[PDB]
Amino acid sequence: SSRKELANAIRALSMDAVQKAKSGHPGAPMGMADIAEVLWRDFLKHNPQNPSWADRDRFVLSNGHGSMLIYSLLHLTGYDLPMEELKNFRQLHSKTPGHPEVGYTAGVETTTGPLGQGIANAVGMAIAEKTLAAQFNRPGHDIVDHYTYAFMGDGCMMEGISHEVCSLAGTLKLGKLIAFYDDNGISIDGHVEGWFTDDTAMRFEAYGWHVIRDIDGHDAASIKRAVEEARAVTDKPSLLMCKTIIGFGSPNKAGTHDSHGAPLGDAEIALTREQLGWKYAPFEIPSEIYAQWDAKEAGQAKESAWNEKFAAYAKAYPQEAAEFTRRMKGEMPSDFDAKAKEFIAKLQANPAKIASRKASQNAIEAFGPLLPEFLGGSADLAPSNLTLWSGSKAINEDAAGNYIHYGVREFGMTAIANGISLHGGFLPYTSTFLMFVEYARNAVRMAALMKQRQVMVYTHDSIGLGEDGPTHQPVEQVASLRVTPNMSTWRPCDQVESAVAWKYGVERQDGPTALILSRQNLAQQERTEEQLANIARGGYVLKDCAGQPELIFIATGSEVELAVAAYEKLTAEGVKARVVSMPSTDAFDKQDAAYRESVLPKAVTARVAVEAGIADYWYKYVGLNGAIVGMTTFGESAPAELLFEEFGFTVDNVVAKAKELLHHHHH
């Protein structure tokens, strides 16, 4: 078959699958089919029979609405994605969801759909390869050596996140990153000139990319020459400007916004078959075409060669090889649990009243020698977030390092870290002030959706930060994280809860963990062995009374100290009170019914929540017959101690609100 005929197989499967689903996006798959045929058949290093091969090239579809493009490629090249699944495109529980999802489907590297985040993930995968190669490669043993290829469109280019990640990719001279721009002149509103007029080549040159202009995206020879040129440039990431026609093949819809996002229709599909010379019925592919598309034999051979290379590496570097295998699997060091518990116990036995941002740094310092897989960073706030430990080494200084200066790029940072976690070999941590999680919000959600391990270090968590004022002072951000499916959120009250939360985060294999950390010093609380162990259960009894409590305080983070003081005052006056520390609502909710009842007994309705965050959240635990000492407004610019006074975070006010509540209950 000709290269065009082979590319047309993608066009047919894509338009036909969209038609059967009566839903989906045929335009981009039809526009990019020739580029995909060249990349996948001539260049991509992969094994369909082992999608987890450590040294495979990584491909990312950033314009993820063109999902049938990747499903066609995976099916045709011999991945475990049967034709029946393509016939079930966009149907419940199929392996072919409307936008591609990692874990759902053999060979899908990341979940896309939100424009711009795919290219960010690809930048992270390229950083991971570069860093892992520098750490593990040895003379005569280059066990890490693979490319990262990304497809992206106008939407990804317009999004601000593309600026963040492609700027940083230039700085880091990511020579194994090669991106293909689907330059088709069309977006949803129509011809892009009305809203998008960048000289995109000049923009990427400004970032230090190697740009290849004016590629005929429908000419295999032109595409191939461009890819070869990009592969020859080892010191810059490359952008291939591929001029394509959206919906290529459709006489009446090619080059129009109509082809972007809806079924072509049966009449137009018939006309498209005629234009393309594609004779086969929907979901029919002849054996001859499979023979040319299949990658099982080449894939086997390439992986077998790599396995032999790895075996030789293991002979010469046994400890390094064991570390490589452990880290690629995401497994923890065998002695980590014991060593982390020893650290936690030491902290409980040796009180220190320090900011939880500092307690976080101390945990990084303690874990750093144990977790060489750390690849950590901050969005230009290293001296504020406290993300550097004594063994930190920035990768812009030494490629074998373990730290990334992300610059003022919160969204880019977080989506890059998603790419790092997806790659394998590393445990990423990222950091900014909690407020600026709002800049990165959808990337945080994507880590949770993709079930990725990433520790998110969010400092300066409340009005406790003081003078910087209401644009910086979080109020409603923690509640936003708490209600995010599969997110874990910890607001530790002292250095001990901080270390427990850090341990929980690094050991959490199936989702991310956000640490909500203070600028200001936090009092250490006293704990029995049982209470110490109970921190990890998310919510636990910290102070108690004999018999049923009349009153339960529920507090988090910096406000536990305040709740304990109120508990002491009320106790001295003969009130039967309890304090529950709730460092993680999500972990508490995951405990069984009996444990939750032991902490928040259903009989006790006089419940007082205390937290310098939005009050409305706390109805979940206090119900309609309690009280909340929280925030209901934005903050103010002033010294923190005056803000806590102003907003009612005082012993006198907490005691007054508790007594007021009890008075209401009694009458």
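Just so we're on the same page, rigid core means the largest C-alpha set that superposes within 1.5 Å between forms. The numbering used is simple: start at 1 and walk along the sequence shown.
Taking the root mean square of CA deviations in 6 other deposited structures of this protein after fitting on the rigid core, 590-598 and 413-421 differ, and the farther of the two is 590-598.
In this entry, 338-346 shows the higher mean Cα temperature factor of the pair 338-346 and 116-124. Between 153-161 and 286-294, the higher mean Cα B-factor belongs to 286-294. Ranking 376, 103, 492, 424 by Cα temperature factor from the entry places 103 first. Per the PDB entry, 311 shows the highest C-alpha temperature factor of the residues 515, 506, 475, 311.
Annotation for residue 550: C-alpha temperature factor in the highest third relative to the rest of the modelled chain, per the entry. Remark: residue 42 belongs to the highest third of its chain, ranked by C-alpha B-factor as recorded. Compared with the other modelled residues of the chain, the Cα B-factor recorded for residue 359 ranks in the lowest third.
Ranked against the other modelled residues of its chain, the C-alpha B-factor of residue 641 as given in the entry falls in the highest third.
Remark: residue 469 belongs to the lowest third of its chain, ranked by C-alpha B-factor as recorded.
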